[PDB]
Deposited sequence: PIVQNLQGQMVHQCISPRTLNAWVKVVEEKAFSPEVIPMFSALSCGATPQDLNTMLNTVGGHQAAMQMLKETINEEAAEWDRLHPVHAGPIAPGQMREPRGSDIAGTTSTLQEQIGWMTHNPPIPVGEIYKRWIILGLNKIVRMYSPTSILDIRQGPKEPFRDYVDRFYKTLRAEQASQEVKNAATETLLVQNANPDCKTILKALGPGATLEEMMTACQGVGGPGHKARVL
């Protein structure tokens, strides 16, 4: 990453490398893996972002889809900012430069700590997370329509499933079971989730 000591490059740590690999192995593309990726890639250069993605062993269908999303975003960067060199001067980053493909670490360090800074780490991380959210949604096994409360299912457990599915992807009342549904209609409109959950406790 780049961090303060002045902004300087620091090695990505064994802890960070390990953390990311393990979260992917344990959680796959569960929605909460996105904020974890983002946190572990704090201050990350494009080389670091590529390093973290490369260390993943499985899920190569997903990694391939991620490359496609990244390519799309790179072509849009080049559409918006066409790259136009003078000796010892900073060059303009194209799409592939931001994705760490055609840029060196020094060039990446140069853009990020420049004044004004060109945050190629954050621009790339945005493309990656955009791609990762597309995968999270695809790998979501259940539609929100299929999430309904079972006759003996505690209301809490049903809501946990409802917003879990919704995160990946008055309907809550519709899909509640008959008993709790009657209690919820009795509360009327403008009832908070807290009040609903207490009412069906």
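Going by the record, the unmodelled stretches of the deposited sequence, in order, are 6-8, 88-90, 176-187, 220-231.
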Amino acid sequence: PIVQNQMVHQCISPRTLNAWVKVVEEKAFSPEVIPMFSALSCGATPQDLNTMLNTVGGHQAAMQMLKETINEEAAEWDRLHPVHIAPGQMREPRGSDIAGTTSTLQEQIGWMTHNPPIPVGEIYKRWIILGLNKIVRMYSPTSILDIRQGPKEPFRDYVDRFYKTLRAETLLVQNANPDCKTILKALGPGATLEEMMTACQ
From here on, numbers count along this sequence of modelled residues.
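We call the rigid core the largest set of C-alpha positions that still match within 1.5 Å between the two forms.
Once the structures in 6 other deposited structures of this protein are superposed via the core, the pair 179-187 and 7-15 is resolved in favour of 7-15 as the more displaced stretch (C-alpha RMS). Compared with the other entries of this protein, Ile128 is consistently built, present in every one of those that build its neighbours rather than absent from a third.
In none of the other PDB entries of this protein that model the residues around it does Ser103 lack coordinates, well short of a third.
Taking the PDB entry as given, 106-114 carries the higher mean Cα B factor of the two stretches 106-114 and 120-128.
Looking at 14-22 and 182-190 together, the entry lists the larger mean B-factor for 182-190, computed on C-alpha atoms. Of all the options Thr165, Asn133, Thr170, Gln47, the entry's greatest CA B-factor is assigned to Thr170. Of the candidates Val159, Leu145, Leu66, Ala39, the deposited coordinates give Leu145 the top C-alpha B factor. Per the deposited record, the Cα B-factor of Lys152 falls in the highest third when ranked against the other modelled residues of its chain. In the deposited entry, the Cα temperature factor of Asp97 places it in the lowest third of its chain's modelled residues. Looking at the C-alpha B-factors along this chain, the one for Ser30 belongs to the highest third. Annotation for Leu53: C-alpha temperature factor in the lowest third relative to the rest of the modelled chain, per the entry. Among the modelled residues of the chain, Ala62 sits in the lowest third by CA temperature factor in this PDB entry.
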